[PDB]
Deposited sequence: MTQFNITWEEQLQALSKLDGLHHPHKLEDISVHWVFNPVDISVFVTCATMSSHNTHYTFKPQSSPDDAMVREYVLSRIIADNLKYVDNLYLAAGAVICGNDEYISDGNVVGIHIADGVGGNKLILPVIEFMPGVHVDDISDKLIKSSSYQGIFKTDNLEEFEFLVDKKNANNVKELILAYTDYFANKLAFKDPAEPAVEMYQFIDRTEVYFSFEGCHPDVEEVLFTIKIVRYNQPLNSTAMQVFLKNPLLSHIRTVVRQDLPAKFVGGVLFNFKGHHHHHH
């Protein structure tokens, strides 16, 4: 159908802390198979014209899935709430070799290797099976402990990433608080080559049933300080990618 920036900004008006949003515009949503019971929406902006998006538990509706368009972009605009926003700015500026795009930071000099990804609108519990199958085992990650952040991240950026994490935790627990408090979900998955820890949060909004946001640290089997026999190869800065047609 047709949401307008009036409804978007009306929903974002009740997100505490945000004071500098990026440019929004009207979209056009179009949207379901009875097999597997899935509604995959898509909608057309006018400056990017590419966004597609869940498994419902009730009879769909036009008004129904716009609650979810608001769930997604409400979850996205959380990255601009100031304390969280430049709480990420601190981890990016805190290292001269952390390159960003607004959604993931982490090489190479050619005209990026993920270290931490911002995943708005999703939760680890909703995708947990695909990781429990693929992971060697699972672990727990104490958020208040600085040493674990000294494990996944080097001691240079451990603190910044830490109170970035519990910055999101405080924001969801106090500015997106439900009447019945929601506990944050932190889940560790060990792989053969890396270590993936997920920090997922649910938040209360009046216009939406729920808001979801998770952040993923990946700490590879190799240290950043060592391994350098691999990163010093200038074949890195010689690779790009393109279509395979």
Missing C-alpha stretches, by deposited numbering?
-> 1-3, 35, 58, 112, 118-123, 239-240, 260-281
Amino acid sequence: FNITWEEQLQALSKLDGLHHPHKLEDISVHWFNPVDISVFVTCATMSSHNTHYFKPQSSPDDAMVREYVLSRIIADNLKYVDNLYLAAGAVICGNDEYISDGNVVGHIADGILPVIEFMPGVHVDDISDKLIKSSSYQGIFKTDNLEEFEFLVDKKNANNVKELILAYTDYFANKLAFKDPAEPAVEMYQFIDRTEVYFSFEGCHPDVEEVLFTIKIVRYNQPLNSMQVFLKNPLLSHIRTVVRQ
From here on, numbers count along this sequence of modelled residues.
Could you check the entry and say whether 189-197 or 62-70 has the higher mean CA B-factor?
-> 62-70
Average Cα temperature factor in the PDB entry - higher stretch of 33-41, 206-214 | 33-41
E97, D76, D129, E148, ranked by C-alpha B-factor: the highest one = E97
Could you tell me which third, lowest, middle or highest, the C-alpha B-factor of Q245 occupies within its chain?
-> highest
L224, C-alpha B-factor rank within chain (lowest, middle or highest third) = highest
Cα B factor band for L235 (lowest, middle or highest third within the chain) = middle
What third of its chain's C-alpha B-factors does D110 belong to: lowest, middle or highest?
-> highest
